[PDB]
Structures are given as structure tokens and as C-alpha cells.
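Data first, discussion second: the structure below is written as C-alpha cells.
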Amino acid sequence: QXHX
Amino acid sequence: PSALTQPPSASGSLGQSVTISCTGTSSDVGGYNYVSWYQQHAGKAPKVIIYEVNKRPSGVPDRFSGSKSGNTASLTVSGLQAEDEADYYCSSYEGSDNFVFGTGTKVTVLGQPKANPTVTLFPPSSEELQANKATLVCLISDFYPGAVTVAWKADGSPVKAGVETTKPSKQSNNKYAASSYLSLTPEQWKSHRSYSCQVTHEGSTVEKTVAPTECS
Amino acid sequence: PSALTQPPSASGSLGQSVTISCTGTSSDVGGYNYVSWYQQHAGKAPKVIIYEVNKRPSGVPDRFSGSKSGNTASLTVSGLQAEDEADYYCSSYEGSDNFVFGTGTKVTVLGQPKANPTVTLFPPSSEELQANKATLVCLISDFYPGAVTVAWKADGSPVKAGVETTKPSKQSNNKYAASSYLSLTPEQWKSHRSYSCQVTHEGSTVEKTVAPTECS
């Protein structure tokens with residue numbers, strides 16, 4: 001979910 | 001394990017407002033500031049609506065408002081439009097590199113005007129006729145709410161056989177579209193007067209009758 | 001947007017492997033690792049099964065593998081099991097703000113022979129024109145498994161504006177039925193030469209054309  | 005709680009359904013009147021609560025756990029939500037929100041349009045390629053609690057992604061519908069109220073996250077939709085009907089999901093980072101989702105809230109806008117359908121009937125075209133078959137197509141469209149029923153009239157007696165209809169789908173709207181089809185032999189189609197597509201919707205009835213004088 | 005072109009349908013049988021694919025238009029590619037894959041059952045919340053090209057998260061069964069080369073990420077269900085049947089999507093983080101989604105797919109565990117769709121494009125009936133209306137219908141019928149891509153074209157160039165695509169209905173022969181429609185004016189219709197309805201089923205494209213031939 002993209003984040004990281 | 002576990003998968004974030006969401007209230008399965010969240011209504012609001014037109015122009016009004018609703019707020020959905022993505023509610024987590026210390027180890028995920030409230031552990032970190034990384035809750036995104038998703039608009040999944042009546043079964044569709046979903047989008048991101050918020051990424052970090054309250055950050056509206058680069059080109060979001062005006063006022064999706066994100067909240068984190070401890071371990072409860074909240075998305076506030078206001079300026080209610082019809083187009084907000086969807087599946088709203090959230091996701092919070094839990095631990096070691098990975099994300100946890102939530103149950104899934106269906107958003108319901110009230111105050112939507114009821115619309116009576118636009119029935120367009122079709123005669124088969126030349127190509128189909130050359131290829132040696134005839135299929136008729138009743139196109140029901142821009143209706144609300146999405147309950148419609150289609151009768152076929154063979155010629156004022158019914159034609160239950162060879163008809164096939166569709167469940168109404170939502171348009172780039174919050175009006176539905178549906179269709180019936182009658183599959184015929186051309187023979188059968190030269191062979192008689194009228195064909196009729198009768199569509200009932202919230203009391204109304206709209207009949208469309210086609211005759212063999214199609215041009216091409 | 002859906003700048004991640006994803007197949008309409010991907011199907012196998014128990015013990016057959018299936019590739020989903022996710023292509024990017026994105027002037028981006030290469031400068032990239034962040035392609036995440038989502039497993040999504042009808043009724044359930046979306047759940048990631050792949051992150052950063054090849055890493056599944058915790059508890060992803062061994063059989064899922066991701067890859068990326070060129071502009072194509074791929075997800076291989078290596079040895080198909082029943083509830084591998086689901087909607088699948090892909091993803092890409094154009095940093096923060098820009099979370100591009102692919103368009104979805106479906107895993108069908110077939111237990112019916114594959115049926116490639118019947119397309120049947122119908123042109124603005126003379127009557128509808130006589131009302132100064134224009135609408136051509138793209139009946140897509142008899143397809144299995146029930147997922148299909150649909151696109152329109154005016155004089156070669158694609159058309160996006162005014163097309164509404166219904167959702168595949170199950171018919172009384174457990175094959176599927178969809179319909180798109182392009183709503184126009186007699187003007188726009190008459191002012192062109194050729195209109196294709198272009199449909200993609202698995203590993204197949206059907207493109208049918210209608211020309212304006214103007215009997216009244």
C-alpha cells in the first residue's frame with residue numbers, strides 16, 4: 001500500500 | 001490476526017455528509033500514521049482518497065476529509081454527491097513491512113431523483129442479416145432506482161422464449177443501464193408485423209414497437 | 001488513471017497455473033520496484049499478496065510469485081486452487097500523492113468450456129434519428145468466463161466520451177452478456193465514416209464496424  | 005472494523009453501510013442525504021470509521025489496534029492504527037482510504041466504485045479499479053490520515057491524493061474530489069481519532073480513523077465525506085456511492089475501504093500499516101485492510105463500508109446517498117428510463121429499441125442490421133441471423137436489442141437507460149422489468153411481445157402475444165435480459169449497472173452517474181435481447185431467425189423476422197419491448201419501472205411502462213421497414 | 005493495463009479475464013483449472021499481467025504506460029518504468037499486487041474476493045476487503053515486485057507478505061501461500069520486466073509486472077498463481085478464484089489488481093506508487101491502479105482481472109476456475117464473445121454492433125435506428133438522437137449499441141453476448149474489456153473508436157481514434165458499459169450478466173445458459181452504448185448526435189454520427197466497437201476477451205479481440213449510411 002505504497003508507503004514504506 | 002484481524003482486519004480493521006468498518007461499519008458495513010453509511011447513508012447520508014444529498015449535499016449532506018457522512019463519516020466512516022476505520023477502527024484498528026495499537027499495533028497497526030495508532031501504532032503509525034499510515035491510513036489510506038479507497039473508493040471502489042460498485043466493483044471497479046479502486047482509487048486512493050487519502051494516504052496519511054488526512055492527505056488528499058493528487059487530484060481527489062474536493063473534500064474527502066481524513067481523521068485519526070486515537071485508534072479510530074474516520075473519513076468525512078461532505079458536499080454529498082450521487083457519485084459517492086461506492087465501497088469504502090481503509091488500510092493501516094501493521095508491522096514488518098505490511099498492511100492490513102478493513103471490513104468495507106457501502107455509502108448510500110439519499111435524495112436522488114427517481115428517473116424513468118430511456119428505452120431505445122433496435123432492429124437488426126444489414127451485416128447480421130447478411131451473416132444470416134437477426135438479434136433484437138432493447139436498451140433501457142438512465143433509470144433510477146435500478147429496478148426494471150422487460151417483457152417482449154412477439155406480435156402482441158408474448159415471447160418468453162429466446163429473450164435474455166441483464167441486471168442493471170450504474171453508469172458514470174447513479175442512473176442504471178440495462179438491456180434485453182431477442183434472438184431471431186431473419187425468416188421469423190420478415191415473417192411478422194411488429195416486435196415490442198415493454199419496460200416497467202416504478203409503476204410506469206414504456207413500450208417500444210419495431211417493424212420490418214429498417215433501412216440500409 | 002488505469003495506466004496499468006490489466007487483462008479482462010484470466011482463467012485456469014485446478015493444477016493449471018495462470019499469469020495475470022500489469023502493464024504501465026508510465027514514463028516511469030525501470031525507475032521502479034514498487035509494484036504491489038492485490039488478491040480480492042467478491043465480498044471481501046482487498047488484501048495484498050505481493051509487494052515490491054517479488055516479496056509476498058506474511059502468510060501468502062508459496063504459489064503466488066510476482067515479476068516485473070519491461071513495463072510489465074506479472075503475477076503467477078503457480079498451481080491453481082479453488083479460492084484463487086478472485087478479482088486481482090496491481091499498483092504503483094508514483095512516490096506520494098500518485099497511487100496508480102491497474103484495471104483489475106478475474107481468476108476463473110473453469111468448469112465450463114471457454115466461450116469467446118459474440119459482438120453485435122447496432123446503429124442509430126432511422127426512427128431515433130428522426131427524433132434527432134444517436135446511439136449505437138455493442139451487444140457482447142455468449143462469453144465465458146464473464147469478464148471482458150470493451151473500447152470504442154471513431155474514425156480510428158478511440159472514443160471515451162459517452163460510452164457506458166454494463167456488467168456481464170449470467171444467462172440461462174450460464175454464459176455471459178454485456179452491452180456498451182455510445183450516445184451521440186445525428187451530427188457527430190453522420191459526420192464520420194466508421195465506428196468500431198472493440199472487445200477483448202482472453203487472448204482474443206473482436207472489432208466490429210459500423211459506417212454511417214444515411215437513409216433518413
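Residues are referred to by chain and number: the chain letter is A, B, ... according to the order shown in the C-alpha cells, the number counts from 1 in that chain, and ligands are numbered separately from 1 in the order shown.
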All residues 6 Å or closer to region 179-184 of chain B, only C-alpha atoms, same chain fewer than 3 positions away omitted, as a VMD selection string: chain B and resid 134 to 140 162 to 166
Once chain B sits on chain C after a least-squares Cα superposition, all atoms in order, what's the RMSD? 12.8 Å
Write down, as JSON, numbers by chain, each residue of chain B that has any atom within 9 Å of an atom of chain C, counting only C-alpha atoms. {"B": [3, 43, 44, 45, 46, 47, 48, 50, 51, 55, 56, 57, 58, 59, 89, 90, 96, 97, 98, 99, 100, 101, 102, 103, 104, 120, 121, 122, 123, 124, 125, 128, 135, 137, 139, 164, 165, 166, 167, 168, 169, 170, 171, 172, 176, 177, 178, 179, 181, 214, 215, 216]}
Looking only at the backbone, which of the residues in chain C does DSSP tag as helix (DSSP H, G or I), as a list in words?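 Of chain C, only residues 82, 83, 84, 126, 127, 128, 129, 130, 186, 187, 188, 189 and 190 of chain C fall in helix (DSSP H, G or I).
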d(CA of residue 52 (chain B), CA of residue 6 (chain C)) in Å: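 Between these atoms lies a distance of 27.2 Å.
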Residues flagged strand (DSSP E) by DSSP in region 12-122 of chain B, as a PDB file with C-alpha atoms, in the first residue's frame:
```pdb
ATOM      1  CA  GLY B  12     -26.426  10.460   4.122  1.00  0.00           C
ATOM      2  CA  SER B  13     -28.828  12.828   2.340  1.00  0.00           C
ATOM      3  CA  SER B  17     -22.373  14.389   4.970  1.00  0.00           C
ATOM      4  CA  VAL B  18     -21.243  11.035   6.322  1.00  0.00           C
ATOM      5  CA  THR B  19     -18.101   9.893   8.158  1.00  0.00           C
ATOM      6  CA  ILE B  20     -16.883   6.287   8.103  1.00  0.00           C
ATOM      7  CA  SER B  21     -14.747   4.862  10.891  1.00  0.00           C
ATOM      8  CA  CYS B  22     -11.761   2.642  10.133  1.00  0.00           C
ATOM      9  CA  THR B  23     -11.106   1.253  13.618  1.00  0.00           C
ATOM     10  CA  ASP B  28      -1.432  -1.061  13.397  1.00  0.00           C
ATOM     11  CA  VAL B  29      -3.699   2.002  13.670  1.00  0.00           C
ATOM     12  CA  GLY B  30      -2.362   4.359  16.362  1.00  0.00           C
ATOM     13  CA  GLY B  31       0.893   2.447  16.002  1.00  0.00           C
ATOM     14  CA  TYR B  32       1.731   4.573  12.950  1.00  0.00           C
ATOM     15  CA  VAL B  35      -4.066   5.034   6.919  1.00  0.00           C
ATOM     16  CA  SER B  36      -5.199   5.276   3.314  1.00  0.00           C
ATOM     17  CA  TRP B  37      -8.802   5.303   2.064  1.00  0.00           C
ATOM     18  CA  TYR B  38     -10.205   3.654  -1.056  1.00  0.00           C
ATOM     19  CA  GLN B  39     -13.160   4.387  -3.315  1.00  0.00           C
ATOM     20  CA  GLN B  40     -14.179   1.147  -5.036  1.00  0.00           C
ATOM     21  CA  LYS B  47      -8.605   4.539  -6.086  1.00  0.00           C
ATOM     22  CA  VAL B  48      -6.802   6.191  -3.189  1.00  0.00           C
ATOM     23  CA  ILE B  49      -8.682   9.009  -1.475  1.00  0.00           C
ATOM     24  CA  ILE B  50      -6.318   9.657   1.456  1.00  0.00           C
ATOM     25  CA  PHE B  64     -12.583  13.869   1.387  1.00  0.00           C
ATOM     26  CA  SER B  65     -11.507  14.634   4.953  1.00  0.00           C
ATOM     27  CA  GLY B  66      -9.301  12.202   6.855  1.00  0.00           C
ATOM     28  CA  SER B  67      -9.222  11.778  10.605  1.00  0.00           C
ATOM     29  CA  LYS B  68      -7.363   9.711  13.138  1.00  0.00           C
ATOM     30  CA  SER B  69      -9.054   9.845  16.490  1.00  0.00           C
ATOM     31  CA  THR B  72     -10.327   5.079  15.345  1.00  0.00           C
ATOM     32  CA  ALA B  73      -9.716   6.629  11.943  1.00  0.00           C
ATOM     33  CA  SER B  74     -12.522   8.487  10.157  1.00  0.00           C
ATOM     34  CA  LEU B  75     -13.232   9.669   6.601  1.00  0.00           C
ATOM     35  CA  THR B  76     -15.674  12.563   6.302  1.00  0.00           C
ATOM     36  CA  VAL B  77     -17.478  12.991   3.017  1.00  0.00           C
ATOM     37  CA  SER B  78     -19.417  16.232   2.771  1.00  0.00           C
ATOM     38  CA  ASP B  87     -17.185   0.624  -1.389  1.00  0.00           C
ATOM     39  CA  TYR B  88     -15.031   2.486   1.107  1.00  0.00           C
ATOM     40  CA  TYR B  89     -12.071   0.607   2.451  1.00  0.00           C
ATOM     41  CA  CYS B  90      -9.163   1.618   4.642  1.00  0.00           C
ATOM     42  CA  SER B  91      -5.698   0.329   5.244  1.00  0.00           C
ATOM     43  CA  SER B  92      -3.250   0.850   8.059  1.00  0.00           C
ATOM     44  CA  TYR B  93       0.337  -0.314   8.234  1.00  0.00           C
ATOM     45  CA  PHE B  99      -0.555  -3.512   5.505  1.00  0.00           C
ATOM     46  CA  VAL B 100      -3.876  -4.512   6.997  1.00  0.00           C
ATOM     47  CA  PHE B 101      -7.256  -3.708   5.437  1.00  0.00           C
ATOM     48  CA  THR B 105     -18.440   0.316   4.146  1.00  0.00           C
ATOM     49  CA  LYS B 106     -21.086   0.850   1.476  1.00  0.00           C
ATOM     50  CA  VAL B 107     -22.017   4.527   1.094  1.00  0.00           C
ATOM     51  CA  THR B 108     -25.598   5.464   0.281  1.00  0.00           C
ATOM     52  CA  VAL B 109     -26.787   8.852  -0.938  1.00  0.00           C
ATOM     53  CA  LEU B 110     -30.431   9.707  -0.252  1.00  0.00           C
ATOM     54  CA  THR B 120     -34.279   2.611 -27.331  1.00  0.00           C
ATOM     55  CA  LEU B 121     -35.308  -0.436 -29.376  1.00  0.00           C
ATOM     56  CA  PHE B 122     -33.155  -1.807 -32.187  1.00  0.00           C
TER      57      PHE B 122
END
```
